[PDB]
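Visitor: What follows is start_30.cif, made up of mmCIF, C-alpha atoms and all ligand atoms:
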data_protein
loop_
_atom_site.label_atom_id
_atom_site.label_comp_id
_atom_site.auth_asym_id
_atom_site.auth_seq_id
_atom_site.Cartn_x
_atom_site.Cartn_y
_atom_site.Cartn_z
CA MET I 1 132.26 90.12 117.57
CA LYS I 2 131.24 87.45 120.07
CA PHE I 3 130.29 88.20 123.67
CA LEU I 4 129.61 86.02 126.66
CA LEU I 5 126.76 87.64 128.65
CA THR I 6 126.28 86.33 132.15
CA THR I 7 123.15 86.44 134.32
CA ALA I 8 121.43 84.39 137.00
CA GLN I 9 120.87 80.73 136.26
CA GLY I 10 117.31 80.29 135.11
CA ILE I 11 116.56 83.74 133.67
CA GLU I 12 118.58 83.40 130.40
CA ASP I 13 115.51 83.80 128.21
CA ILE I 14 114.41 87.01 129.97
CA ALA I 15 117.93 88.42 129.62
CA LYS I 16 118.09 87.45 125.91
CA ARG I 17 114.80 89.30 125.33
CA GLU I 18 116.09 92.43 127.08
CA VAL I 19 119.41 92.39 125.22
CA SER I 20 117.55 91.79 121.91
CA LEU I 21 115.33 94.87 122.36
CA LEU I 22 118.36 96.92 123.40
CA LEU I 23 120.41 95.89 120.34
CA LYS I 24 117.45 96.30 117.96
CA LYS I 25 117.55 100.01 118.97
CA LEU I 26 121.09 100.16 117.63
CA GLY I 27 119.97 98.81 114.27
CA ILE I 28 122.56 96.01 114.15
CA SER I 29 122.18 92.36 113.15
CA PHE I 30 122.79 89.78 115.84
CA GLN I 31 121.96 86.31 117.14
CA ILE I 32 121.74 85.25 120.80
CA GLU I 33 122.16 81.66 122.01
CA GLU I 34 120.83 80.75 125.46
CA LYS I 35 123.12 78.53 127.53
CA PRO I 36 126.01 78.10 125.07
CA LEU I 37 127.56 74.61 125.48
CA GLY I 38 124.85 73.75 128.01
CA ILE I 39 126.04 76.23 130.64
CA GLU I 40 123.33 77.91 132.74
CA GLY I 41 123.55 81.64 133.49
CA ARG I 42 125.09 82.42 130.12
CA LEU I 43 124.18 83.75 126.67
CA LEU I 44 126.43 83.83 123.64
CA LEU I 45 125.85 87.04 121.65
CA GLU I 46 127.12 87.15 118.03
CA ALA I 47 126.73 90.72 116.64
CA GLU I 48 127.86 92.81 113.66
CA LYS I 49 130.20 95.59 114.70
CA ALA I 50 128.38 98.87 115.37
CA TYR I 51 129.66 101.49 112.92
CA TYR I 52 128.72 105.14 112.45
CA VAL I 53 130.12 108.18 110.62
CA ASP I 54 131.74 110.61 112.97
CA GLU I 55 132.42 114.37 112.92
CA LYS I 56 135.38 113.86 110.54
CA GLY I 57 133.26 111.93 108.01
CA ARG I 58 135.14 108.78 109.05
CA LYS I 59 133.73 105.37 109.96
CA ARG I 60 133.87 104.97 113.75
CA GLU I 61 132.97 102.04 116.01
CA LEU I 62 130.35 102.16 118.78
CA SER I 63 131.13 99.97 121.82
CA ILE I 64 128.48 97.26 122.12
CA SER I 65 129.88 96.26 125.52
CA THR I 66 129.55 99.78 126.99
CA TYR I 67 126.08 100.14 125.59
CA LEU I 68 125.05 96.88 127.31
CA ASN I 69 126.91 97.54 130.59
CA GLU I 70 125.14 100.91 130.77
CA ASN I 71 121.63 99.80 129.90
CA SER I 72 121.08 96.19 130.96
CA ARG I 73 119.27 95.43 134.19
CA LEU I 74 119.35 91.65 133.87
CA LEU I 75 123.01 90.95 132.99
CA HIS I 76 125.84 90.43 135.49
CA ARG I 77 128.88 90.76 133.17
CA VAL I 78 129.55 91.48 129.53
CA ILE I 79 132.69 89.65 128.33
CA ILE I 80 134.23 89.83 124.87
CA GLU I 81 134.74 86.15 123.90
CA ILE I 82 138.23 84.98 122.94
CA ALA I 83 137.36 81.25 123.06
CA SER I 84 134.83 78.82 124.59
CA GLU I 85 135.48 75.08 124.33
CA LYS I 86 134.50 71.75 125.87
CA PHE I 87 137.48 70.06 127.56
CA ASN I 88 135.81 66.64 127.52
CA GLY I 89 136.74 64.72 130.65
CA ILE I 90 138.67 67.51 132.35
CA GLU I 91 136.78 67.05 135.66
CA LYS I 92 138.40 63.60 136.01
CA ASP I 93 141.91 64.58 134.86
CA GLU I 94 144.68 64.66 137.43
CA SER I 95 145.77 68.15 138.45
CA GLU I 96 148.93 68.15 136.28
CA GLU I 97 147.12 67.01 133.13
CA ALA I 98 144.11 69.36 133.52
CA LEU I 99 146.37 72.41 133.85
CA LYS I 100 148.42 71.24 130.87
CA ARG I 101 145.30 71.17 128.69
CA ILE I 102 144.40 74.66 129.82
CA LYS I 103 147.90 76.08 129.34
CA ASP I 104 148.28 74.53 125.88
CA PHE I 105 144.86 75.76 124.80
CA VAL I 106 145.44 79.32 126.01
CA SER I 107 148.94 79.39 124.46
CA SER I 108 147.35 78.88 121.09
CA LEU I 109 144.93 81.81 121.35
CA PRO I 110 145.75 85.16 119.68
CA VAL I 111 145.58 87.11 122.96
CA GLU I 112 147.95 89.78 121.57
CA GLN I 113 144.95 90.80 119.43
CA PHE I 114 142.88 91.78 122.54
CA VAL I 115 145.29 93.98 124.41
CA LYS I 116 147.75 96.66 123.43
CA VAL I 117 150.67 94.93 125.13
CA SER I 118 151.63 98.40 126.41
CA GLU I 119 148.50 98.01 128.65
CA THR I 120 148.62 96.21 132.00
CA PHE I 121 146.55 93.05 132.47
CA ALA I 122 145.41 90.65 135.14
CA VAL I 123 143.53 87.30 135.07
CA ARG I 124 140.37 86.73 137.07
CA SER I 125 139.17 83.13 137.35
CA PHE I 126 135.89 81.45 138.20
CA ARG I 127 135.56 77.70 138.72
CA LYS I 128 132.49 75.54 139.35
CA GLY I 129 132.17 71.74 139.54
CA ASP I 130 134.23 68.77 140.68
CA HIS I 131 137.78 69.34 139.44
CA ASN I 132 141.20 68.32 140.76
CA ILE I 133 142.24 71.98 140.39
CA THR I 134 141.21 75.29 141.99
CA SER I 135 140.40 78.86 140.92
CA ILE I 136 143.91 79.81 141.96
CA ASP I 137 145.44 77.04 139.83
CA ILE I 138 143.45 78.23 136.79
CA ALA I 139 144.32 81.91 137.23
CA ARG I 140 148.02 81.05 137.61
CA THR I 141 148.24 78.73 134.59
CA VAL I 142 146.19 81.04 132.38
CA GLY I 143 148.13 84.01 133.67
CA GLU I 144 151.39 82.20 132.81
CA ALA I 145 150.26 81.22 129.34
CA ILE I 146 149.15 84.77 128.50
CA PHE I 147 152.33 86.40 129.87
CA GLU I 148 154.50 84.00 127.85
CA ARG I 149 152.56 84.51 124.64
CA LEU I 150 152.46 88.31 125.07
CA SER I 151 156.24 88.31 125.67
CA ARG I 152 156.66 87.06 122.11
CA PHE I 153 155.44 90.47 120.93
CA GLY I 154 156.72 93.01 123.47
CA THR I 155 157.12 93.64 127.18
CA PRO I 156 153.89 92.84 129.03
CA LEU I 157 152.99 94.21 132.46
CA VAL I 158 150.76 92.61 135.03
CA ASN I 159 148.92 94.78 137.52
CA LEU I 160 146.73 92.59 139.73
CA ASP I 161 144.70 95.43 141.26
CA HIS I 162 144.23 98.10 138.62
CA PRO I 163 144.71 96.23 135.33
CA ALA I 164 143.77 98.08 132.17
CA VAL I 165 142.53 94.75 130.77
CA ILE I 166 140.95 91.86 132.71
CA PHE I 167 141.11 88.44 131.09
CA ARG I 168 138.40 86.33 132.67
CA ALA I 169 138.89 82.56 132.60
CA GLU I 170 136.01 80.34 133.74
CA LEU I 171 135.85 76.61 134.05
CA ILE I 172 132.37 75.23 134.67
CA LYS I 173 132.04 71.47 134.55
CA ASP I 174 133.70 70.45 131.25
CA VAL I 175 133.53 73.94 129.74
CA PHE I 176 136.36 76.40 129.50
CA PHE I 177 135.99 80.05 128.57
CA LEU I 178 138.45 82.89 128.10
CA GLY I 179 137.43 86.46 127.42
CA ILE I 180 137.91 90.15 128.17
CA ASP I 181 135.69 91.25 131.02
CA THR I 182 134.50 94.75 130.03
CA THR I 183 132.36 95.01 133.14
CA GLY I 184 135.23 95.15 135.65
CA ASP I 185 135.49 93.97 139.23
CA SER I 186 131.92 94.81 140.31
CA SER I 187 129.19 92.80 138.55
CA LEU I 188 126.29 94.86 137.08
CA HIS I 189 123.91 93.63 139.78
CA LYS I 190 125.82 95.57 142.47
CA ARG I 191 123.63 98.62 143.03
CA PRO I 192 125.23 101.77 144.41
CA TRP I 193 121.85 102.59 146.04
CA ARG I 194 122.13 99.57 148.29
CA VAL I 195 123.34 101.30 151.50
CA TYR I 196 121.32 98.92 153.69
CA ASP I 197 122.26 95.30 153.11
CA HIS I 198 119.38 93.02 154.09
CA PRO I 199 120.85 89.58 154.90
CA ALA I 200 118.28 87.89 152.56
CA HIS I 201 118.18 90.65 149.91
CA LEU I 202 117.31 89.77 146.30
CA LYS I 203 119.95 90.35 143.63
CA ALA I 204 118.78 93.22 141.41
CA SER I 205 118.93 91.17 138.19
CA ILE I 206 116.46 88.65 139.53
CA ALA I 207 114.23 91.50 140.82
CA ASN I 208 114.04 92.78 137.29
CA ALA I 209 113.31 89.27 136.01
CA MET I 210 110.32 89.10 138.37
CA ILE I 211 109.11 92.48 137.14
CA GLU I 212 109.42 91.33 133.45
CA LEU I 213 107.46 88.15 134.26
CA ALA I 214 104.62 90.13 135.86
CA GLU I 215 103.93 91.84 132.46
CA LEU I 216 103.01 95.12 134.19
CA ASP I 217 100.59 97.53 132.55
CA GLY I 218 100.77 100.60 134.82
CA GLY I 219 98.48 99.11 137.46
CA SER I 220 99.45 99.22 141.17
CA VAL I 221 102.24 96.99 142.39
CA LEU I 222 102.61 95.76 145.96
CA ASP I 223 105.52 93.92 147.56
CA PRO I 224 103.84 92.87 150.83
CA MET I 225 106.98 91.39 152.36
CA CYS I 226 109.40 93.88 150.95
CA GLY I 227 112.52 93.78 153.19
CA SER I 228 115.04 96.38 152.04
CA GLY I 229 112.78 97.30 149.03
CA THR I 230 114.86 95.93 146.10
CA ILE I 231 111.90 94.97 143.86
CA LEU I 232 110.10 98.28 144.38
CA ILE I 233 113.25 100.43 144.01
CA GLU I 234 114.25 98.69 140.73
CA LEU I 235 110.64 99.24 139.58
CA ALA I 236 110.72 102.97 140.41
CA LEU I 237 114.12 103.23 138.74
CA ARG I 238 112.44 101.83 135.58
CA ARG I 239 110.31 105.02 135.82
CA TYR I 240 107.23 102.89 136.31
CA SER I 241 104.07 104.94 135.73
CA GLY I 242 101.95 103.17 138.31
CA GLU I 243 101.54 103.20 142.08
CA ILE I 244 104.19 101.30 144.09
CA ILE I 245 103.59 100.01 147.66
CA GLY I 246 105.80 98.04 150.06
CA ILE I 247 104.79 96.45 153.34
CA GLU I 248 107.37 94.98 155.72
CA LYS I 249 106.92 93.52 159.20
CA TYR I 250 110.10 94.70 160.98
CA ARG I 251 111.01 98.32 161.48
CA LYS I 252 114.68 97.94 161.00
CA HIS I 253 114.23 96.51 157.47
CA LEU I 254 111.50 98.97 156.53
CA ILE I 255 113.77 101.86 157.46
CA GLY I 256 116.51 100.14 155.49
CA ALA I 257 114.14 100.15 152.46
CA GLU I 258 113.44 103.87 152.93
CA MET I 259 117.17 104.62 153.14
CA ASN I 260 117.87 102.52 150.01
CA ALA I 261 115.00 104.29 148.15
CA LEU I 262 116.37 107.69 149.18
CA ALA I 263 119.87 106.64 148.01
CA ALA I 264 118.33 105.70 144.68
CA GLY I 265 116.43 109.00 144.36
CA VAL I 266 112.99 107.32 144.37
CA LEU I 267 111.72 107.68 147.93
CA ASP I 268 108.91 109.92 146.62
CA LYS I 269 107.81 107.09 144.24
CA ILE I 270 107.04 104.39 146.79
CA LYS I 271 104.59 104.06 149.69
CA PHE I 272 106.31 102.16 152.55
CA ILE I 273 104.19 100.70 155.30
CA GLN I 274 105.24 98.80 158.42
CA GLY I 275 102.75 95.97 158.65
CA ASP I 276 101.80 92.32 158.72
CA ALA I 277 101.14 90.58 155.40
CA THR I 278 98.94 87.96 157.12
CA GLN I 279 96.66 90.96 157.64
CA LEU I 280 97.04 92.39 154.17
CA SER I 281 93.39 93.44 153.66
CA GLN I 282 93.66 95.97 156.49
CA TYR I 283 96.32 97.95 154.67
CA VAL I 284 94.90 97.79 151.15
CA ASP I 285 91.60 97.01 149.48
CA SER I 286 92.73 96.36 145.93
CA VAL I 287 96.09 96.01 144.13
CA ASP I 288 96.73 94.97 140.53
CA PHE I 289 100.00 93.11 141.07
CA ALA I 290 101.94 91.55 143.94
CA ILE I 291 105.64 90.74 143.53
CA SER I 292 107.68 89.39 146.49
CA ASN I 293 110.75 87.43 147.53
CA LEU I 294 109.08 85.53 150.36
CA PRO I 295 110.93 84.42 153.49
CA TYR I 296 112.55 81.01 153.02
CA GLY I 297 112.66 80.13 156.73
CA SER I 304 107.72 74.90 160.10
CA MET I 305 106.02 78.28 160.61
CA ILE I 306 106.48 78.88 156.84
CA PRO I 307 103.47 76.72 155.84
CA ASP I 308 101.21 78.74 158.09
CA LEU I 309 102.72 82.13 157.15
CA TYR I 310 102.07 81.33 153.43
CA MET I 311 98.57 79.95 154.05
CA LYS I 312 97.41 83.10 155.82
CA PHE I 313 99.15 85.44 153.35
CA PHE I 314 97.56 83.83 150.27
CA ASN I 315 94.17 83.90 152.01
CA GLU I 316 94.53 87.69 152.37
CA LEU I 317 96.05 88.18 148.90
CA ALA I 318 92.93 86.50 147.46
CA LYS I 319 90.84 89.37 148.87
CA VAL I 320 92.82 92.18 147.22
CA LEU I 321 94.68 90.98 144.07
CA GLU I 322 93.16 91.95 140.67
CA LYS I 323 95.68 90.65 138.15
CA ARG I 324 98.92 88.68 138.74
CA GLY I 325 101.33 87.78 141.51
CA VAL I 326 104.98 86.81 141.02
CA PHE I 327 106.68 85.10 144.01
CA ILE I 328 110.04 83.46 144.71
CA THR I 329 110.70 80.97 147.55
CA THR I 330 112.71 77.91 148.47
CA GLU I 331 109.67 76.29 150.07
CA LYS I 332 108.02 74.62 147.11
CA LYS I 333 105.52 72.57 149.07
CA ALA I 334 104.39 75.35 151.42
CA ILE I 335 103.69 77.83 148.63
CA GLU I 336 102.08 75.22 146.34
CA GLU I 337 99.59 74.28 149.07
CA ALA I 338 98.86 77.91 149.95
CA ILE I 339 98.23 78.61 146.27
CA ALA I 340 95.85 75.65 145.73
CA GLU I 341 93.89 76.14 149.03
CA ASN I 342 93.27 79.80 148.37
CA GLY I 343 91.78 79.73 144.85
CA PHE I 344 94.98 80.53 142.92
CA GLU I 345 96.28 79.10 139.69
CA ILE I 346 99.93 78.80 138.64
CA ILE I 347 100.45 80.21 135.13
CA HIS I 348 104.23 79.97 135.11
CA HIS I 349 106.85 78.23 137.17
CA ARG I 350 110.64 78.11 136.78
CA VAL I 351 113.74 77.43 138.89
CA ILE I 352 116.35 80.15 139.41
CA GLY I 353 119.83 80.08 140.98
CA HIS I 354 120.04 82.69 143.79
CA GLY I 355 123.01 82.90 146.17
CA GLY I 356 123.89 79.24 145.64
CA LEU I 357 120.28 78.21 146.37
CA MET I 358 117.78 76.79 143.91
CA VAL I 359 114.72 79.04 144.31
CA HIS I 360 111.24 78.50 142.76
CA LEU I 361 109.49 81.33 140.98
CA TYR I 362 105.72 81.26 140.44
CA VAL I 363 103.41 83.59 138.52
CA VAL I 364 99.88 83.26 139.83
CA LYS I 365 96.37 84.58 139.24
CA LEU I 366 93.00 83.93 140.95
CA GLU I 367 91.33 80.88 139.41
CA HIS I 368 87.98 82.68 138.98
CA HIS I 369 89.35 85.70 137.08
CA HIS I 370 89.03 85.38 133.27
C1 LIG I 401 113.56 87.33 151.71
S1 LIG I 401 113.11 88.82 152.63
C2 LIG I 401 112.77 90.16 151.43
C3 LIG I 401 114.05 90.71 150.83
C4 LIG I 401 113.78 91.76 149.75
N1 LIG I 401 113.47 90.99 148.51
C5 LIG I 401 115.07 92.57 149.63
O1 LIG I 401 115.74 92.54 148.58
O2 LIG I 401 115.51 93.20 150.62
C6 LIG I 401 111.49 88.45 153.30
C7 LIG I 401 110.97 89.57 154.18
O3 LIG I 401 109.69 89.24 154.62
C8 LIG I 401 109.49 89.86 155.86
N2 LIG I 401 108.35 89.24 156.55
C9 LIG I 401 108.34 88.04 157.27
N3 LIG I 401 107.08 87.84 157.72
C10 LIG I 401 106.31 88.89 157.35
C11 LIG I 401 104.97 89.20 157.51
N4 LIG I 401 104.11 88.43 158.19
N5 LIG I 401 104.51 90.39 157.01
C12 LIG I 401 105.30 91.20 156.24
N6 LIG I 401 106.62 90.89 156.09
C13 LIG I 401 107.11 89.75 156.61
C14 LIG I 401 110.82 89.65 156.59
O4 LIG I 401 110.90 90.51 157.70
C15 LIG I 401 111.80 89.88 155.43
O5 LIG I 401 112.21 91.24 155.31
#
Now that the file is in, can you turn its structure into structure tokens?
Guide:
Amino acid sequence: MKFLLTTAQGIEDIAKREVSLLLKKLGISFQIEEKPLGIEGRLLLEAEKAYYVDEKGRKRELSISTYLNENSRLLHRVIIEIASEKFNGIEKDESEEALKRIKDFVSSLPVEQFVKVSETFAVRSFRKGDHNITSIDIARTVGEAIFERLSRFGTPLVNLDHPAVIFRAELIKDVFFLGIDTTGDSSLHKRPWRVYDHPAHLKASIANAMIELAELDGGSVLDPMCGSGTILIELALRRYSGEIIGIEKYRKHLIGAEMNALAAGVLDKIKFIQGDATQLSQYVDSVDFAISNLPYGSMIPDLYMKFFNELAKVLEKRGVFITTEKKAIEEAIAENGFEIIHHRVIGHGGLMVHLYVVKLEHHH
């Protein structure tokens, strides 16, 4: 079976690693390709089917997609792949021609093998790039092609709202994909604990990426500009053994973080402090790790300069930070005795953000 596994652009490798460890626990053979056909935010998983012997002494199949939906913290969607292909030049094609290519391609796929045509279906589409067609166009054409093909085998019923089966069709640049979305209408990053919605909140998948990149070892973890508490809540939900501390400047957001942490059942796991990170050394003397989604915003250069001056007084091991302001953070890091030991770019809410892992230059 082939699966398309989606995640944030720029963390594909971290997601592959998580999925690999999860599947290794099942005992199955598998291969994972990062960025199939060049497309960011995707993995292509090729796995053996997961068989066991059930209470009747019969071979029975375990659902790989349910296992991954239930256990992954880095993935957005788990989609059973029907087909992925390059439609070379489709960005330039006129509307009529582009849709024709898509309809003809889909008409050729054995979709009747991925739905009991008693079941209701709908088509969800996603489009990204410069096309002469829209999401709506794609969903209609694909929807038409699948209804027509299914009608060759039975009587198919659409249900747009509560389909039993969602076919997801995505066109990103030159690349077309069709699959069965096992995840459903809410992506895996939607957390039911998020009762307070901070307007610059970090998606949970990227929070977990930052945690993985810190390489935590049970030492104390501070988010000194914590907002609604996402990073610390995801960490407590990992049953982290170590101390967890959040500091946030504005009351409203700090109370939002408390409410989110209560909703998640981990309020007892986190110390939440209202405070100023440019004064960090007043609130703590020593922390092992700092992990923060910094404000993206002048005033930024000076906020970062003072914060990294204070962080230098208290940090023992590593910091992991995300920001849009590459130049401000890079200067604050260099002026304050820090060294960058990893950098990458991540796609977050249609922004390119920069992630850095840092340590103090003098620590060996
Ligand atoms: C991008 S948001 C954090 C969002 C958090 N990752 C979440 O998911 O909710 C940056 C936060 O830094 C806080 N902040 C700004 N200046 C601060 C300062 N001097 N001290 C502490 N927090 C500050 C803001 O109030 C804001 O909540």
Visitor: Please identify all polymer residues within 12 Å of residue 96 of chain I, counting all atoms listed in the file, omitting same-chain residues fewer than 5 positions from it, and present them as a list in words.
Guide: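 Near neighbours after the sequence-gap exclusion: residues 90, 101, 102, 103, 131, 132, 133, 134, 137, 138 and 141 of chain I.
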Visitor: Please dump the current selection as an mmCIF file, in the frame of the given file; keep C-alpha atoms.
Guide:
data_model
loop_
_atom_site.group_PDB
_atom_site.id
_atom_site.type_symbol
_atom_site.label_atom_id
_atom_site.label_comp_id
_atom_site.auth_asym_id
_atom_site.auth_seq_id
_atom_site.Cartn_x
_atom_site.Cartn_y
_atom_site.Cartn_z
ATOM 1 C CA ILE I 90 138.670 67.510 132.350
ATOM 2 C CA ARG I 101 145.300 71.170 128.690
ATOM 3 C CA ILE I 102 144.400 74.660 129.820
ATOM 4 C CA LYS I 103 147.900 76.080 129.340
ATOM 5 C CA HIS I 131 137.780 69.340 139.440
ATOM 6 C CA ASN I 132 141.200 68.320 140.760
ATOM 7 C CA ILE I 133 142.240 71.980 140.390
ATOM 8 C CA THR I 134 141.210 75.290 141.990
ATOM 9 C CA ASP I 137 145.440 77.040 139.830
ATOM 10 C CA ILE I 138 143.450 78.230 136.790
ATOM 11 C CA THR I 141 148.240 78.730 134.590
#
Visitor: Give me the residues near segment 311-326 of chain I as a ChimeraX atom specification, where near means some atom within 9 Å (using all atoms listed in the file) and where sequence neighbours in that chain fewer than 2 positions away do not count.
Guide: /I:210-211,213-216,219,277-281,284-293,306-309,328,334-335,337-339,341-344,361-366,369
Visitor: Skip segment 258-264 of chain I itself and residues of its chain fewer than 3 positions away, then list as a compact mmCIF listing (two decimals) with C-alpha atoms, in the coordinates of the input all residues within 7 Å of it, counting all atoms listed in the file.
Guide:
# COMPACT_ATOMS: atom_id res chain seq x y z
CA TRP I 193 121.85 102.59 146.04
CA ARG I 194 122.13 99.57 148.29
CA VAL I 195 123.34 101.30 151.50
CA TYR I 196 121.32 98.92 153.69
CA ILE I 233 113.25 100.43 144.01
CA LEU I 254 111.50 98.97 156.53
CA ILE I 255 113.77 101.86 157.46
CA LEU I 267 111.72 107.68 147.93
Visitor: Write out as a Markdown table a residue-level contact list of chain I versus ligand LIG 401 (chain I) with cut-off 8 Å: for each qualifying residue the closest pair of atoms and the distance in Å to one decimal, counting all atoms listed in the file, rows sorted by chain and residue number upward.
Guide:
| residue | atom | partner | partner_atom | distance |
| --- | --- | --- | --- | --- |
| I:197 | CA | I:LIG401 | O2 | 7.5 |
| I:198 | CA | I:LIG401 | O2 | 5.2 |
| I:199 | CA | I:LIG401 | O2 | 7.7 |
| I:200 | CA | I:LIG401 | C1 | 4.8 |
| I:201 | CA | I:LIG401 | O1 | 3.4 |
| I:202 | CA | I:LIG401 | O1 | 3.9 |
| I:203 | CA | I:LIG401 | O1 | 6.9 |
| I:204 | CA | I:LIG401 | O1 | 7.8 |
| I:207 | CA | I:LIG401 | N1 | 7.7 |
| I:224 | CA | I:LIG401 | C12 | 5.8 |
| I:225 | CA | I:LIG401 | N6 | 3.8 |
| I:226 | CA | I:LIG401 | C4 | 5.0 |
| I:227 | CA | I:LIG401 | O5 | 3.3 |
| I:228 | CA | I:LIG401 | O2 | 3.5 |
| I:229 | CA | I:LIG401 | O2 | 5.2 |
| I:230 | CA | I:LIG401 | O1 | 4.3 |
| I:231 | CA | I:LIG401 | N1 | 6.3 |
| I:247 | CA | I:LIG401 | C12 | 6.0 |
| I:248 | CA | I:LIG401 | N6 | 4.2 |
| I:249 | CA | I:LIG401 | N6 | 4.1 |
| I:250 | CA | I:LIG401 | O4 | 5.4 |
| I:253 | CA | I:LIG401 | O5 | 6.0 |
| I:254 | CA | I:LIG401 | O5 | 7.9 |
| I:257 | CA | I:LIG401 | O2 | 7.3 |
| I:274 | CA | I:LIG401 | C12 | 7.9 |
| I:275 | CA | I:LIG401 | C12 | 5.9 |
| I:276 | CA | I:LIG401 | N5 | 3.7 |
| I:277 | CA | I:LIG401 | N5 | 3.7 |
| I:278 | CA | I:LIG401 | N4 | 5.3 |
| I:279 | CA | I:LIG401 | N4 | 7.9 |
| I:292 | CA | I:LIG401 | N1 | 6.3 |
| I:293 | CA | I:LIG401 | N1 | 4.6 |
| I:294 | CA | I:LIG401 | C6 | 4.8 |
| I:295 | CA | I:LIG401 | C6 | 4.1 |
| I:296 | CA | I:LIG401 | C1 | 6.5 |
| I:309 | CA | I:LIG401 | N4 | 6.5 |
| I:313 | CA | I:LIG401 | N4 | 7.5 |
Visitor: Which of these residues is nearest to residue 165 of chain I, using only C-alpha atoms: I:310, I:121, I:114, I:87?
Guide: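 When distances to residue 165 of chain I are compared using only C-alpha atoms, the smallest one comes from I:121.
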Visitor: Choose the residue, out of I:330, I:252, I:95, I:149, that has the smallest atom-to-atom separation from residue 297 of chain I; count only C-alpha atoms.
Guide: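 For residue 297 of chain I, the nearest of the candidates is I:330.
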Visitor: So which residues fall inside 12 Å of (121.8, 78.1, 149.0) if we count only C-alpha atoms? Mind giving them as a list in words?
Guide: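 Counting only C-alpha atoms, I find these residues within 12 Å of (121.8, 78.1, 149.0): residues 200, 296, 329, 330, 352, 353, 354, 355, 356, 357, 358 and 359 of chain I.
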Visitor: Just want the 8 Å neighbourhood of segment 124-126 of chain I, counted on all atoms listed in the file, with same-chain residues fewer than 5 positions away dropped. Output as a PyMOL selection string.
Guide: chain I and resi 135-136+138-139+166-172
Visitor: Write out as a CSV table (one decimal) with C-alpha atoms, in the frame of the given file the residues lying within 10 Å of residue 146 of chain I, counting all atoms listed in the file and excluding same-chain residues fewer than 3 positions away.
Guide:
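File produced: result07.csv:
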chain,number,residue,atom,x,y,z
I,103,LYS,CA,147.9,76.1,129.3
I,106,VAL,CA,145.4,79.3,126.0
I,107,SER,CA,148.9,79.4,124.5
I,108,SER,CA,147.4,78.9,121.1
I,109,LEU,CA,144.9,81.8,121.4
I,110,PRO,CA,145.8,85.2,119.7
I,111,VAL,CA,145.6,87.1,123.0
I,112,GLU,CA,148.0,89.8,121.6
I,121,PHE,CA,146.6,93.0,132.5
I,122,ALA,CA,145.4,90.6,135.1
I,123,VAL,CA,143.5,87.3,135.1
I,140,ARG,CA,148.0,81.0,137.6
I,141,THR,CA,148.2,78.7,134.6
I,142,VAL,CA,146.2,81.0,132.4
I,143,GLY,CA,148.1,84.0,133.7
I,149,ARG,CA,152.6,84.5,124.6
I,150,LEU,CA,152.5,88.3,125.1
I,151,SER,CA,156.2,88.3,125.7
I,156,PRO,CA,153.9,92.8,129.0
I,167,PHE,CA,141.1,88.4,131.1
Visitor: Measure the distance from atom CA of residue 7 of chain I to atom CA of residue 191 of chain I in Å and round it to one decimal.
Guide: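 Between atom CA of residue 7 of chain I and atom CA of residue 191 of chain I the gap is 15.0 Å.
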Visitor: Provide the atom CA of residue 28 of chain I to atom CA of residue 51 of chain I distance in Å, to one decimal place.
Guide: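 Going from atom CA of residue 28 of chain I over to atom CA of residue 51 of chain I, I get 9.1 Å.
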Visitor: Atom CA of residue 272 of chain I to atom CA of residue 192 of chain I: how many Å, to one decimal?
Guide: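 Here the two named atoms are 20.6 Å from each other.
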Visitor: Could you check which of I:175, I:14, I:270, I:83 is closest to residue 37 of chain I, using all atoms listed in the file?
Guide: I:175
Visitor: Ranking I:84, I:155, I:130, I:245 by minimum distance to residue 36 of chain I and counting all atoms listed in the file, which one comes first?
Guide: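 Residue with the minimum atom-to-atom distance to residue 36 of chain I: I:84.
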Visitor: Nearest to residue 180 of chain I: which of I:244, I:209, I:346, I:5 is it, counting all atoms listed in the file?
Guide: I:5
Visitor: For residue 222 of chain I, which of I:243, I:81, I:367, I:161 is the closest residue, counting only C-alpha atoms?
Guide: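 Of I:243, I:81, I:367, I:161, the one nearest residue 222 of chain I, counting only C-alpha atoms, is I:243.
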